[PDB]
Structure formats: structure tokens, C-alpha cells
*Asks:* 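Mind having a look at this structure? Questions to follow.
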Amino acid sequence: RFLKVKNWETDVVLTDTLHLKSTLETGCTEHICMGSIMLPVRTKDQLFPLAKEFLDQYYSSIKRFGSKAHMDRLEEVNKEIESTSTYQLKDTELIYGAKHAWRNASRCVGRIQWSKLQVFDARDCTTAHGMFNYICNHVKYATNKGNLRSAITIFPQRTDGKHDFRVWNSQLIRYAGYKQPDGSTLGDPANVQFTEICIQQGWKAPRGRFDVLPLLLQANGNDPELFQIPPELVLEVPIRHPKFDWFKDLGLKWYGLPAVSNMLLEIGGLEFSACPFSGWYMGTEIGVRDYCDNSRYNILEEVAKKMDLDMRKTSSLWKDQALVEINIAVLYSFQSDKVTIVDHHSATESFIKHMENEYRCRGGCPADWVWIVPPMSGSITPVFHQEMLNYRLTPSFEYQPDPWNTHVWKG
Amino acid sequence: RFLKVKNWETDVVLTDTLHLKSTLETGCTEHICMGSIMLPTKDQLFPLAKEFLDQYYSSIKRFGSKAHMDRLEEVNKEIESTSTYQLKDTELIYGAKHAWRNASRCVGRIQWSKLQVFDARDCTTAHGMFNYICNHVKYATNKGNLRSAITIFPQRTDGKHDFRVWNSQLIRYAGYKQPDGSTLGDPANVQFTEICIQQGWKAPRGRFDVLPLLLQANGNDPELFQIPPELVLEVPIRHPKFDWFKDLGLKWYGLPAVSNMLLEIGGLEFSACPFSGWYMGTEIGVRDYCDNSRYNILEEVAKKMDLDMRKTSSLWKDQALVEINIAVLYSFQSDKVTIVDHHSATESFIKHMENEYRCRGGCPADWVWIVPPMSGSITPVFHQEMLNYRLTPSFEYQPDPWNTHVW
Ligand code: HEM
Ligand code: HEM
Ligand SMILES: CNCc1cc(OCc2ccc3ccc(N)nc3c2)ccc1Cl
Ligand SMILES: CNCc1cc(OCc2ccc3ccc(N)nc3c2)ccc1Cl
Ligand SMILES: C[C@H](O)[C@H](O)[C@H]1CNc2nc(N)[nH]c(=O)c2N1
Ligand SMILES: C[C@H](O)[C@H](O)[C@H]1CNc2nc(N)[nH]c(=O)c2N1
Ligand SMILES: [Zn+2]
């Protein structure tokens with residue numbers, strides 16, 4: 001079964017045959033589409049087919065399908081599964097799996113970069129302190145004095161699910177939030193709950209509007225521990241605007257390294273509950289979401305005020321005006337400090353090229369339109385007019401519940 | 001199976017039960033989501049009719065009543081006898097208001113019940129059609145105080161006699177292929193502007209020439225008609241801050257009146273059913289002016305603003321885009337023509353969602369189409385989870401008439 005997708009600005013039409021390799025479900029049925037829903041212990045019984053399928057994929061990519069190298073690996077993994085109830089990935093296999101999870105991420109606009117991914121094998125890690133060491137190295141390498149490099153660090157896979165390695169933070173670097181008695185929030189509203197945990201776990205909080213949270217790390221299913229990232233490793237950028245000299249006086253900064261640390265990496269049926277990975281920011285992540293979402297730093301009002309905007313009727317589009325300026329500032333500040341960042345036009349254009357290339361070379365490129373289209377100026381980026389097919393391939397990055405909701409406390 | 005939707009900006013949760021009444025299909029499966037794809041007999045007809053009449057008599061609190069059963073019987077008889085049937089005016093009105101209500105891509109549905117239905121089922125000719133349309137245009141325009149309306153021409157019979165309005169909107173600007181290679185007027189209407197010329201229209205070859213009407217009655221060849229200019233309200237576009245704006249020579253028409261869709265009620269197919277409301281600002285400003293495949297005025301506007309167009313990261317496309325959309329809203333408001341901004345409209349739609357969840361048990365919505373084409377995440381709909389499914393009565397798409405019409 002072939003499937004065509006069309007781009008209504010260029011009339012370019014592409015055919016998908018890759019969706020036939022799709023395993024997991026979408027949340028959708030013939031009678032309901034849930035494409036806008038945000039969030040729609042494993043036995044040997046189901047493990048080996050996942051192993052085989054994965055290993056068949058792997059040996060195809062290295063062009064050794066059916067070889068003795070292929071077959072003996074299957075034989076090896078097989079035996080290890082019924083003997084030990086799990087199995088270990090070779091280094092080559094781990095690397096492949098990670099890159100491909102990235103490549104399979106249907107919600108990711110940055111996947112043109114997927115082949116260049118520095119994989120750090122942290123599978124020999126046994127403790128929280130060990131975790132801290134690995135993570136510090138990750139940051140230092142990834143940051144690279146502002147010239148950011150994609151990377152992922154991979155901690156021990158899940159076994160019986162009672163011995164999970166988890167990074168409790170949603171991103172390695174992120175600013176504290178503090179609900180005040182009066183109801184106002186200080187710092188980042190997104191991280192209030194996590195800050196409370198951290199504070200409870202012993203963290204002494206500076207209580208400023210921009211405090212870098214401590215790492216909260218759990219190894220082998222033990223109670224998580226706190227660690228301060230050395231400040232010298234945390235690259236931040238003061239936000240200024242090129243024309244408005246009062247912008248700097250708003251006192252905004254942001255960190256340079258987006259490093260997501262709460263997702264689950266699945267490869268050949270193996271689950272990696274701690275797999276922090278990092279790239280570089282698209283400006284609208286900071287400029288549109290981080291500053292301008294109502295449930296976040298919410299500076300729209302103050303920026304609009306300082307710009308003397310007609311804030312009386314929304315039909316003055318003051319909100320829209322202030323948003324654009326804030327995004328201009330974010331990009332200007334990062335480029336001025338030589339810290340890698342991409343604007344939303346550049347990134348969406350790159351993605352379209354990537355995707356075209358993926359259809360030609362791979363038979364498709366699963367993509368979630370709801371997530372790919374940037375949160376401002378949608379229709380003036382080329383992805384808005386791009387039809388996209390959404391489906392799920394393994395290896396994949398998956399959501400997993402907040403560890404504080406599931407963890408069994410020792411003492 | 002009793003689905004929940006969450007707004008991630010306000011933590012509001014609504015439970016959807018209304019989807020379980022869904023009749024048509026989505027294009028999606030458990031293996032593939034197609035939510036971003038633009039367009040995925042006597043025995044057939046009675047079930048369809050019964051479902052409609054069931055919901056109608058339920059809506060008037062007469063479910064299972066004698067009147068219900070009597071009507072169900074009467075229609076059942078007519079179908080057996082005539083291989084079709086006719087809607088009582090009340091059913092027709094109910095069905096139209098509900099097809100709008102069920103339009104999952106429409107951000108405007110808060111207004112759904114205040115729709116004026118003009119029954120044009122007695123119409124027989126294209127001339128008759130023209131008269132009905134003129135009347136619709138004048139009622140709806142209402143000197144700039146726009147009112148929603150739909151005019152419904154005879155339903156389909158045997159497919160050989162359909163009524164069709166060939167224009168996609170009653171009012172749209174012509175577009176012509178320049179020898180110089182580019183495009184003058186509206187590029188989206190080039191083939192139609194040709195077909196009108198190709199059918200005898202005398203194009204003034206301008207930039208904003210109102211297209212003529214191509215009306216087809218009873219499966220006949222379509223006829224040309226000019227809307228009386230005094231009925232076409234237009235708005236010159238000026239910026240409230242930039243005086244140079246006026247010299248770009250831009251205007252737009254006030255009445256958005258979609259005319260190429262098929263209205264389906266109780267299994268019957270109204271292939272000619274032009275309807276109209278009022279514009280959300282972005283429809284003209286973001287889409288009609290700045291889409292590359294349209295009037296694409298972005299570059300030129302930005303130039304007038306002397307923005308750094310050397311690198312994409314100066315966000316100059318974004319800056320201009322806002323100003324353009326400010327001007328559109330400013331012009332319409334100043335000339336007292338009804339228009340809504342995307343902040344106001346989306347806010348209303350969330351409130352309308354609330355209402356439909358409460359009073360009806362849900363509200364089908366297509367996020368890809370509800371979220372405006374600019375400033376997406378600073379509108380409430382962006383963080384609003386939605387469920388998409390298809391209820392009847394509905395507006396469906398239908399092929400362009402030329403591709404089908406037996407001449
Ligand atoms: C290097 C440059 C990259 C850019 C510019 C980029 C950009 C983005 C953006 C903007 C999102 C949506 C975020 C949001 O607004 O919520 C996203 C999603 C995502 N990215 Fe990328 N990304 C990059 C690299 C990576 C890397 C290195 C990985 C992993 C190896 C990755 C994996 C993902 C995944 C799994 C999602 C889905 C988020 C979810 O499902 O919640 N990305 N990307
Ligand atoms: C009264 C004010 C109204 C507003 C502000 C409004 C707004 C909108 C907008 C912005 C769209 C997206 C269209 C696009 O971007 O091309 C849309 C689609 C739609 N509207 Fe509404 N509308 C209004 C009235 C109506 C009326 C009176 C009807 C029918 C009786 C209607 C039925 C529809 C349908 C069926 C669609 C989607 C068509 C499709 O499936 O492609 N609307 N509307
Ligand atoms: C269910 N919520 C999804 C969600 C995903 C998130 O991860 C987004 C994400 C993931 C990987 C990224 C990699 C690079 C980059 N520049 N941004 C990236 C952004 C963040 C917040 C939320 Cl709320
Ligand atoms: C650019 N949009 C494409 C498209 C629009 C369509 O109708 C848009 C439409 C329909 C009804 C409307 C009613 C009011 C209004 N302001 N806009 C309205 C816009 C139908 C099919 C397609 Cl493919
Ligand atoms: C590719 C995508 O399906 C297509 O461009 C859609 C996206 N969302 C839209 N939304 C509206 N309101 N109108 C449109 O024409 C479109 N186009
Ligand atoms: C309800 C909806 O799915 C949700 O708000 C999505 C919309 N699109 C998004 N797109 C990006 N890039 N990031 C997001 O968090 C979201 N949120
Ligand atoms: Zn779907």
C-alpha cells in the first residue's frame with residue numbers, strides 16, 4: 001500500500017512506503033483522530049521478536065543481512081535472552097539505535113542532524129555520583145564553548161523495573177520556580193513542582209528568578225541524590241534587543257544547552273529509562289514558549305508596556321508585535337555571543353529538505369504536523385503547507401511518568 | 001472510550017461522549033494519523049433519513065412522540081415511492097445550522113445557531129440562481145454589518161441534474177498569467193479566471209477585478225452573471241501608522257462566501273449551497289496577502305519598512321506579517337465592516353468548546369485548522385487538546401465542476 005503526500009505551495013507530491021514498517025499504535029481510529037492529544041517489566045515472551053526485528057534492521061543498514069555475522073548475533077541474543085531474560089547491545093548496535101530513535105522522532109524539526117550524534121556509553125555506571133560525572137562530561141562536551149554538538153549519554157537499561165536509572169530533571173539545565181504565598185510565581189512556573197522536590201531533598205535555594213536547578217539523580221533504583229552542576233560548565237546568555245536598549249534592563253537570560261533528560265530510549269525491546277540527549281535551541285522555544293506562554297515567564301505584558309503598545313484592544317495585535325521583538329532579541333543575543341541557535345525559518349526549510357531526502361532514500365519520514373509547525377508565524381514557514389504522515393517506528397524515544405509518581409522510597 | 005481532553009494552559013479537562021455518535025470515517029487508523037492531510041440508493045437512504053429525523057425530534061423534545069413516528073413513516077413512504085424525499089422547512093433549517101455546528105475546522109461555530117437560511121429549492125434556472133445569490137449577498141453584507149447566511153438550491157437527483165456554483169467563493173478577485181511569466185491578481189484563481197474568459201467573460205485584466213458568477217442549474221451548461229458592483233462591499237487597506245501603506249494599492253472584499261461545498265442532510269445532497277459569515281483577520285492578512293502561492297506581498301512591504309532582509313534571522317518576514325495584519329483589522333474596523341481578530345475568535349471558540357462539552361457532550365475540532373496561521377501559541381486554542389471526528393449533517397468537499405460536467 002502506497003501513500004502520497006502533497007505540498008500545497010509547491011505541488012510537490014511524495015510517496016510513503018515506510019509506514020508499512022510501522023509497529024506501535026497512534027491513538028487514532030477510523031472514527032476518531034487524536035493527532036492533537038499530547039500524551040496518547042517486559043517479558044522474554046515478547047522480547048526476542050523485538051530483538052530480531054531490530055537486529056534485522058541493523059544488519060540491513062550495514063549491508064550484512066543474512067550473513068553469518070547476522071545469524072550468529074541472532075543466535076547469541078536468542079540464547080542470552082532465555083538464559084538471562086534480557087540481552088546486551090554491542091556498541092555499534094547502541095550507537096545505531098540511538099541515532100535512529102532520533103531519526104524516528106516524528107515531532108522533531110531538527111532531524112536533518114540525526115546522523116551526527118555523539119553517543120556516550122554510560123552503561124558501566126553504577127552510582128548517582130557516577131551519573132553526575134557522566135553528565136558533567138556530557139554538558140562540557142556538548143556545550144563546547146558555545147559551538148554546540150549533539151550528544152546523548154546512555155545509562156544502564158531497565159532490568160526488572162525495580163532498579164531503574166533515572167534523571168529526575170526534565171532537562172539537565174533548567175531554572176527553578178517558586179510559588180509565593182501571594183500566588184505569584186518567582187522564576188520559572190514550569191519547574192515549581194520539581195523545585196519543591198529539590199528543596200525538600202536538601203537543596204538550599206538562592207530563590208532568584210534564574211537559579212540553575214541541581215541535578216537529581218537516581219541509580220539502580222535507589223533514592224535519588226542531589227548534585228550542583230559546576231557553574232563554569234553552565235553557559236548562559238543575557239538577553240538584549242538590537243534596537244531597544246531597555247530590553248537588557250528586563251534582566252532576562254537563558255541557558256545555551258537544551259538537554260532533555262526525562263524520556264525513555266527503546267531499542268530492540270530494551271528500555272533505557274535514563275538517556276539524557278542534547279542539541280541546540282530553535283529561537284521560538286525560548287522566545288515564544290519559554291518567555292511568552294501564559295503559564296511561563298510571561299513577559300508579553302511588560303515588553304508591550306515598554307514598547308508603548310496600544311494594549312487596550314487585542315485587535316491592535318500588540319501581543320503579536322511584542323512576541324516578534326522578543327524572538328528577535330533571543331536570536332540576536334545568541335548570535336552575538338556565538339552560541340549556536342537556529343531561527344524558525346531556517347529550521348523549517350531545513351526540515352522540508354531533510355524530509356524530501358528521507359522519502360527518496362528511506363520511503364518516508366514520519367512527522368507530527370501539530371509539533372513541527374513553529375508556535376509563531378506558522379503559515380510563512382514551508383512546513384505549514386506540507387502534508388505529513390504520522391506513525392511510529394522503533395527505535396524510539398518515548399514518554400515515561402515522572403519518577404516521583406512511581407518511585408519506591410528506601411530511606 | 002469516554003475520552004478526555006485537557007487544556008495545558010489552564011488544566012481544564014472536558015469529557016467527550018459525543019464522538020460515540022460519529023458516523024463517517026477520519027482517514028486515520030491505529031497505524032497512521034492523517035490529521036494533516038487536506039482532503040482524505042433506496043436502501044442507503046432510509047437509514048440516513050431515520051438518523052436525521054431521530055436527532056431532529058430529539059432536539060425538539062418530541063422523541064418517540066406520535067409526530068416523530070408519523071414523520072418517520074411519511075418519509076419512509078416517500079423514499080419507497082420516489083427514491084428520494086423532501087425536507088420540511090424546519091428540518092432544512094435545523095440541518096443547515098447543524099452542518100455548521102459540526103464543521104470541525106471552523107473556528108467560528110460559536111455563532112452556529114444564528115444562521116439565516118434561504119430556501120431556494122424552487123429555483124430552476126441559472127438566472128433564478130443569480131437572483132437568489134444577489135439577494136443573499138445583500139442580506140449578508142447589510143451595509144457592512146455582516147450576517148451569516150446560506151442559500152440552498154435544489155438537492156441532487158440523479159447526478160445528471162445537479163445545481164453547482166462554479167466559483168469557490170461568490171466574491172473573489174481574478175488572476176491572469178502574465179507574458180512576463182509571473183501573475184497579476186490572485187494566483188489561486190488563474191484557472192477559474194481562464195475558464196470565465198474561456199466561457200466569454202471580458203476580463204478588465206486588473207489586479208482586483210471581481211470575478212463573474214458561473215451558475216449551473218439542473219445540470220445545464222453554466223451561465224455567466226456579473227454581481228451588481230453596488231452589492232460588493234470592498235475595503236481599502238491602510239496602516240494606522242504607515243502612510244505609505246495606502247500606495248501599495250491594496251483592498252479586499254468584506255463578504256467571505258464559500259460556494260463550492262456540498263451540504264449533506266439526512267442522506268440528501270445539496271451540491272449548491274453558498275454560505276457566508278465574516279472574516280477572521282488572518283484569513284486575508286496572513287493567508288491571502290503573504291502565502292507564496294497568493295498575493296505574496298511580504299517582500300515588498302518589508303522593503304518599505306526598510307527591514308534587514310539579508311538574513312532570515314532578523315525575523316523581518318514576521319515583523320511585516322504583523323503590520324500587514326494590523327492594517328487589515330484597522331481598515332475593516334474603520335470602515336465599520338464586521339471582522340474578528342484571531343485572539344478574539346479563538347477565545348470565543350474555547351468558550352464555545354466549553355458550552356458544547358457541557359450542553360452536547362463534545363465538539364469535534366480539527367486543531368490543524370483551528371489554530372491561526374500566525375502567533376499560534378499565544379492563542380488559547382494552541383494548548384487546547386481537541387478530538388476530530390465527523391458528525392452529520394455536514395459540509396463536504398466536492399470535485400471542481402469542470403472536471404465532471406458533461407457539456
Ligand atoms: C540539534 C538540533 C535540534 C533542534 C533544533 C531540535 C528541535 C526540536 C524542537 C523545537 C522540538 C519541539 C520542542 C517543543 O517546542 O516542545 C523537538 C522535538 C524533539 N526532539 Fe529535536 N531538536 C534537535 C536535536 C535533537 C536531538 C539531538 C534529539 C535526540 C537525540 C532530539 C529528539 C527529539 C525528540 C524525541 C522530540 C519530541 C519531543 C516530544 O516527543 O515531547 N532532537 N526538536
Ligand atoms: C461568522 C463568522 C465565521 C468565522 C469567523 C469563521 C471562521 C473560519 C475560519 C478561519 C476557517 C478556516 C478557513 C481557512 O483558513 O481557509 C473556517 C472554516 C470553515 N467554516 Fe467557518 N467561519 C464563520 C462562519 C461560518 C459559516 C456561516 C459557515 C457555514 C454555515 C462556516 C463553515 C465553515 C466550514 C465548513 C469550514 C471548513 C471548510 C473545510 O472543511 O475546508 N463558517 N471558518
Ligand atoms: C508532553 N510534553 C512534551 C514536552 C516535550 C519536551 O521536549 C521537547 C524537546 C526535546 C528534544 C529537543 C532537542 C533539541 C531542542 N532544541 N529542543 C528539544 C525539545 C519539552 C516539554 C514538553 Cl511539555
Ligand atoms: C485556504 N483554505 C483551503 C480551503 C478552504 C475552504 O473553505 C474556507 C472557509 C470556509 C468558510 C468560511 C466561513 C467564514 C470565514 N470567515 N471563512 C471561511 C473559510 C474549503 C476548502 C479548502 Cl481546500
Ligand atoms: C498541509 C496542511 O494540511 C494544510 O496546509 C492546511 C494546514 N492548516 C490550514 N488551516 C487553515 N485554517 N486553512 C488552511 O488552508 C490550512 N491548510
Ligand atoms: C494540545 C497540543 O497538542 C499541545 O498544546 C501541543 C501543540 N503543539 C506543540 N508544539 C510544540 N513544538 N511544542 C508543544 O509543546 C506543543 N504543544
Ligand atoms: Zn489522526
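Residue numbers start from 1 in every chain, and the chains themselves are labelled A, B, ... in the order their sequence lines are given, proteins ahead of strands.
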*Asks:* Taking all heavy atoms of A:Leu39 and all of A:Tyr399, pick out the closest pair and write down the distance.
*Replies:* CD2-CD2, 3.6 Å
*Asks:* Give a yes or no on whether the backbone of A:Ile299 and the side-chain of A:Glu302 come within a donor-acceptor separation of less than 3.5 Å.
*Replies:* no
*Asks:* Suppose the criterion is salt bridge (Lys or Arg N to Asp or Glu O under 4.0 Å): which pairs have a residue in residues 332-354 of chain A, not counting sequence neighbours?
*Replies:* A:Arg240-A:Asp337
*Asks:* Partners of B:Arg105 by salt bridge (charged side-chain N to carboxylate O under 4.0 Å, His left out), sequence neighbours excluded?
*Replies:* B:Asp366
*Asks:* Could you list the residues that satisfy ring pair (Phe, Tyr, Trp, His ring centres under 6.0 Å) with A:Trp102, not counting sequence neighbours?
*Replies:* none
*Asks:* For A:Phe384 and A:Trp369, I'd like to know if the aromatic rings sit close, meaning centre-to-centre distance below 6.0 Å.
*Replies:* yes
*Asks:* Quick one: which residue pairs count as a side chain to side chain donor-acceptor pair (under 3.5 Å) with a foot in residues 375-387 of chain B, not counting sequence neighbours?
*Replies:* A:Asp320-B:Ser375, B:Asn7-B:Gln384, B:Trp8-B:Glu385
*Asks:* So which heavy atom on A:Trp280 is nearest to which on A:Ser150, and how close?
*Replies:* CZ3-OG, 3.9 Å
*Asks:* Listed by chain and number, what are the salt bridge (charged side-chain N to carboxylate O under 4.0 Å, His left out) partners of B:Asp11, not counting sequence neighbours?
*Replies:* B:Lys6
*Asks:* Using the six-membered ring wherever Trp is involved, compare the ring planes of B:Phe349 and B:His352 and label them parallel, tilted or perpendicular (cut-offs 30° and 60°).
*Replies:* tilted
*Asks:* Are A:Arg149 and A:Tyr141 in a cation-pi contact, defined as NZ or CZ under 6.0 Å from the six-membered ring centre and within 45° of the axis?
*Replies:* yes
*Asks:* Show every salt bridge (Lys or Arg N to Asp or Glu O under 4.0 Å) that has at least one partner inside residues 186-198 of chain A, sequence neighbours left out.
*Replies:* A:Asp188-A:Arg296
